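Here are two versions of the same chain, shown separately as structure tokens and labelled structure 1 and structure 2.
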Structure 1
């Protein structure tokens, strides 16, 4: 049991080192395999797409301070370091939705308080490194056991709603900027309507190709390969559509050529922690701990829940693991990295399972067709190292990246926020609220609890989400991570009195 209080300082980390690094030769020896070559392209595309789209969003929101070049460099550096000297090489590192929300909230708060956006970031990172060291030294990584399904589903639903809502707003802004009138440019014909066509065309191509994977058409070998290319194909089709129309203006993303620093007129490659243009107030270096705690919660929750999912007994990963070394490495890198600008990164649970699923080799089954035994996972470090290097050497092609319309990306930004709602039991219980009770499916949380006591759980769980959404839209949007972890004590004491022990074994089951 990795999550056990040994009692010695840095005990868990030392145990992770001693049970992981002795195998530093097999991780490089197991590189020679066609499966690795097949997976290195799929995961490379799956990591590049939510790098350019998130960089575009961040460049628009952060007033062209952190753009596409910065996020790509950060992803490349952190991925290379983590894969080279980490403990779970299958765990990919990438920018996430909650981090984007927190960054825009911090930017708004800093703007509405006359401070400098990139000077307080360095102090946030400085406090974050110390906080991570203190948490690792006291063996506090066992707290992940206290986060049940009641919180993860709420958080996932909130993030999906944010993704969905950050696209209709952009459409509304485009129609307000380029109105439909008879005969930043600020008013062009055939621009507000091509944008609507462009992101609707790319959402439906990618949606239907994903639906084509699960279908029974075509041989299984060809169907599986094409199905994995749902997003890369959708971008390629719609870029060629806009390339043919050369007389109409459409907004395109901005990638500086070479190794520039995203409009080098407001920022340099090195940020002065003491002050750039005006003295930094004395009260914003010893009171920069409260924001450091809130950002630490998001990184801790994303990075540790993902390790639980990938280390489940269903997946036969027997080489070692990491629960203390991985957290110390990720958080301490972000604090040092924030000195040079650049954003913080966390582990991505959607891309990590895809990375692992592309490396497992199934067994044979003379028995009727099912999901057979999973012998070996072919775990290694070579596959994850090359991908982080390939994303790094994607800024030399900035000439081709500058031809991608901004509307094409927002179509996928909506696709990623709507196909992420599957598997969320909070989402499935929402359909059951409309279906007649005779049509409900045969699931564990249906037969063991009567329906009137099942809708009360959903209403209580949905009430919390509305309350947390409202906080994020006020002037105190910086404090929403605190409310997120405030639901865990609620389930310990409040739900226990109102719900019997019988109910809270099928609704909250972690299996």
Structure 2
């Protein structure tokens, strides 16, 4: 029982270290496998592109104080450190939306009150470090036991439906800028060529995915070719685009040189005191509240991601760490805030994709259903390699300018669609449309009436819709608290409506029950 309160200071941290660190050389020996190369290549782009996008957005929102280079250099240096000293090396940490919202809100607050922004974030980082140390000392990561499977599949369907809505609203906007008229802002043949490239990439990678499980060719060649599906699709579509000469397509652009984005109003080291004018003393002690808010955000997303990754269905044997994963992340964020780099948190879709890009499926028997997961092939090399490649991507800035963005949209759609399977809420959504005589032989259909599982699904959908509506309004910083409020809902309100057997069968801690 990893989530147990020992009753001694730093007990959980010591237990996690003793559990994980003995299996150290195994991680480096396990990496010798040609599936690791495919995983590295696939995850490199999925980690690089959000860095550029969110760096551009954050540079636009602020006065060009934090840009793209700083985000890349924070991502690389936190990823390397975490993969070297982390308990769970299958997690990919990076910038996300809620952090951007908090950053813009804090910038607005600082600008309104005539305060320093970069100097202001240093005290927030210090308070973050203090809170992390206090929580690890008096161990409180045992509260993750109360997060069930009702509050962790209302949050992984919303973080996968908010990433397929905006991977195709970044196409409905290359077709409003370059519109289809006749006789850059007005180029022809661009909006349709982008559609062609995106469709080609996502239909190729999902047929190589189907071909991986087919009966054609020898097994070893078939599996090797199926592993390299995304790289093959990317290379094919890049060559196809390169063949065309006159048509203009937007291409991936990275900054040049290792330097700050505002070399005339900023430096690499931020003074804790006033950089130009003295910092008010009252703000030093009043900076505790934003520290609490950002701590709550980071804690919820990292812990829920770790819970989703470490399910018993996915055959993970070495173990996960709920104590040596939050201290590291929060301490790194607090330290990076001193140099002006942004804070980082584990990414859910990227971590899930990285985890399920290394799974090995059982060699079946004609009867067998969806093959079962045999192993996961976990190691400390893929994440470290991805983080350094992202770090050194500035030096190779000429090879990356030959890759259009429209090709990567198909890969992003592939990621979003693939990450959906494996959660029971999607399956219960599927069961709504099928007639009651075609339902499968799972444990929550046989022991539960048909009209009382649809009610559970309807309530879960109502909660998800409320979460989305709250996120889309002018007060979106209360989203973590609304998500937290689902736990008392399950523990109080849903207990009265449903009987003990129905609740036990519907959301069980494990498979079968």
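Numbering follows the first chain given and starts at 1. The term rigid core refers to the most C-alpha atoms you can superpose between the two forms while keeping them within 1.5 Å.
Treated as two rigid bodies moving between the two structures, the chain carries residue 161 and residue 385 on opposite bodies. Put simply, the small part of the chain turns as a rigid block by 18° against the big part between the two structures, using C-alpha fits.
Shown is the Cα shift of residue 148 between the two structures after rigid core superposition, which amounts to 5.4 Å. In the core-superposed comparison between the two structures, the CA atom of residue 257 travels 2.8 Å.
Core superposition places the C-alpha of residue 428 11.1 Å apart between the two structures.
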